[PDB]
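First comes the structure, then the notes that go with it.
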Amino acid sequence: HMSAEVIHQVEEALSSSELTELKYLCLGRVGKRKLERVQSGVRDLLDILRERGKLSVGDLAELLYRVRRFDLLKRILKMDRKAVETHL
Numbered sequence: 001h002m003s004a005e006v007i008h009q010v011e012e013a014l015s016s017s018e019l020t021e022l023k024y025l026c027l028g029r030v031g032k033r034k035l036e037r038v039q040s041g042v043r044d045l046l047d048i049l050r051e052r053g054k055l056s057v058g059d060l061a062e063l064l065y066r067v068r069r070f071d072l073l074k075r076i077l078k079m080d081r082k083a084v085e086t087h088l
C-alpha cells in the first residue's frame, strides 16, 4: 500500500527530530513534538524501519495519527484524523 513516496512525504512534513520521535513512538510510545528543520531525503532510517516493521502501513498510519499531522493524514491517508482513528 504505502511506498517510498508516502514515507518521503512524511520526511518532508515532519522534522528530522520528529522522525526520530516516530521511532520512539512505535517503540516506547513517545509522542513528543520537535519544531526542527525538515529533511528532503536524508533520513534513510525511515526506510529501514519501514522494512523492519516499525513504520509499516498500519503502524505508520497510527503513528501519524498520534502525531496528529494533518498535512499527512489528509494527504497520505486522505481523510480526517478521526476517520483514521476508525481504521486503527
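Residue numbers (the entry's author numbering): 1 to 88.
The beta carbon of each residue, even a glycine, is placed where N, CA and C say it ideally should be.
Straight-line gap, residue i to residue j (C-alpha atoms, nearest Å)
{"i": "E85", "j": "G58", "result": "11 Å"}
{"i": "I48", "j": "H1", "result": "17 Å"}
Short Cβ contact (8 Å threshold) for residue i with residue j
{"i": "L25", "j": "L60", "result": "no"}
{"i": "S16", "j": "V30", "result": "no"}
{"i": "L46", "j": "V6", "result": "no"}
{"i": "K74", "j": "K54", "result": "no"}
Secondary structure of residue i, DSSP reduced to three states
{"i": "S17", "result": "helix"}
{"i": "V67", "result": "helix"}
{"i": "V38", "result": "strand"}
{"i": "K82", "result": "helix"}
{"i": "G53", "result": "coil"}
{"i": "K23", "result": "helix"}
{"i": "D44", "result": "coil"}
Cutoff 8 Å: residue i Cβ touching any chain B Cβ
{"i": "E18", "result": "No chain B is part of this structure, which consists of one protein chain only."}
Own chain partners of residue i with C-beta closer than 8 Å, once the 5 adjacent residues on each side are dropped
{"i": "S40", "result": "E11 and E12"}
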